[PDB]
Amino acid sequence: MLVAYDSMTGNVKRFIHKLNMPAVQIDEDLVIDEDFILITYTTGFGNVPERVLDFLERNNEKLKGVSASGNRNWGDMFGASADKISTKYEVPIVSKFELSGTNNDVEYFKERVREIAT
């Protein structure tokens, strides 16, 4: 499936390169015309990057699932960007992982996305 993502410091970008599924970094004008999974990072207090919120206003109809990169140091706010997005647009949280993710996170994500393509 197509993955749309946003990465500020390179971690989400590193993760997506472990998938070799096709993936694109979001911008302001970007329109996505097919079913897709969003991977976002998490900004302070468990929040959603503004660029992602703006994107999703225009592209939420085809959104099929969201994963978040964060850091478990944030406790209950760990990857809570995915919680906010999931709730707002009624799609599943695919997965949460830390930073550039581990291999188990990569496999987990791949399995979940298959499952969800059902």
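Numbers for residues come from their place in the sequence shown, where the first is 1.
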> With respect to the recorded C-alpha B factors, which stretch has the higher mean value, 15-23 or 96-104?
Replying inline: 15-23
> Comparing 61-69 with 27-35, which has the greater mean CA B-factor as deposited?
Replying inline: 27-35
>> Split into thirds by Cα B-factor across the chain's modelled residues, where does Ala4 land: lowest, middle or highest?
In response: lowest
>> Splitting the chain's C-alpha B-factors into thirds, which one does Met77 fall into?
In response: lowest
> If you rank the chain by CA B-factor, which third does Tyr41 end up in: lowest, middle or highest?
Replying inline: lowest
> Lowest, middle or highest third: where is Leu53 by C-alpha B factor in its chain?
Replying inline: middle
